[PDB]
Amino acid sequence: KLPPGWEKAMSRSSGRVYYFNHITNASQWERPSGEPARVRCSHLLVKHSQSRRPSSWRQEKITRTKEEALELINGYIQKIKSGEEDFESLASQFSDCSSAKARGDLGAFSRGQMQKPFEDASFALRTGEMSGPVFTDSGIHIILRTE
């Protein structure tokens, strides 16, 4: 019926159907369109007190809770989707990953290199598509597949 990992859902506020991908946590109103050796992605990471390494270039000791980290991620997704902000601009300013200095770009990679939830979301995204919140042991990610 639908591309890998998509399902129909219904908006609780409007009643209109939408589509949800349980691998990327993406959601969209329109019926989704539709694997390569390698993909290229950028990401924006928000770490929290239970991250594997609760430290980043932004903060020596990262103290925010997982719930507070998810709220930050949600707010960034909102501004990226509204066009108020660019993904690259928010990644440079707020990503708790050293790749912030590269607008979040992680380069190209194959299966077997990245943490599994990140890898699965990256390979399920279409070119140009962006994920919802993706959880790994490092924290919470917004992933943009660029190639």
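Position 1 is the first residue in the sequence shown; the rest follow in order.
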Deposited residues missing from the model between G34 and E35 number 10 or more
129 to 137 or 5 to 13, whichever carries the higher mean Cα B-factor: 5 to 13
Look over 94 to 102 and 49 to 57 in the entry and identify the one with the greater average Cα temperature factor. 49 to 57
Which listed residue, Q113, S82, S89, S122, has the largest C-alpha temperature factor in the record? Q113
When the deposited Cα B-factors of this chain's modelled residues are ordered and cut into thirds, is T63 in the lowest, the middle or the highest one? highest
Comparing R40 with the other modelled residues of its chain, is its CA B-factor in the lowest, middle or highest third? middle
Lowest, middle or highest third of the chain for the C-alpha temperature factor of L70? lowest
